[PDB]
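Presented below, as structure tokens, is a lone chain in the form deposited without the named molecule.
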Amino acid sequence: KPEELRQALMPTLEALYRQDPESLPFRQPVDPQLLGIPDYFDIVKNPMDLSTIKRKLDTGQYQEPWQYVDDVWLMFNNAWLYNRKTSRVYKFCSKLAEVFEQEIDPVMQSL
């Protein structure tokens, strides 16, 4: 059931929000104009961020855990792609990806 999924997945997501500073650039959608990065949507075809994932989860749009996971991977993949390995966002992203693997694994298990 939707709330059953939401209850099982939401802590996963909260684990991502609560990483300071690492989640700071992932909490809103990337604004290429406002960030001065006009080539963003030339490289990143399908953007994803924490606010978007939360809104989908909150509103029943993942019928199955793996679809939720796909959107979290997409968010990491877009950031590793666009950003330099040396950059702040790229390393924040790496941190969040470890936090996410750690939390998502036993949730998939009991689910």
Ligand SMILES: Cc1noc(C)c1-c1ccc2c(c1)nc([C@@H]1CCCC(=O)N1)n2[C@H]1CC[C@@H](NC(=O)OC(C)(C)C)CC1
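Numbers for residues come from their place in the sequence shown, where the first is 1.
Beyond what is shown, the protein has a form deposited with the named molecule bound; the following relates to that form.
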Open or blocked: site for the named molecule, pose in the deposited complex superimposed, 2.4 Å backbone/C-beta cut-off, 3-atom minimum = open
Contact test in the deposited complex: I37 vs the named molecule, heavy atoms, 4.5 Å | yes
Do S51 and the named molecule come within 4.5 Å of each other in the deposited complex, heavy atoms counted?
-> no
Given that the partner is absent here, does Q67 sit within 4.5 Å of the named molecule in the deposited complex, heavy atoms only?
-> no
Would you check, heavy atoms only and a 4.5 Å threshold, whether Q28 touches the named molecule in the deposited complex?
-> yes
Any residue of 65-89 that, in the deposited complex, places a heavy atom within 4.5 Å of the named molecule = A79, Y82, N83, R88, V89
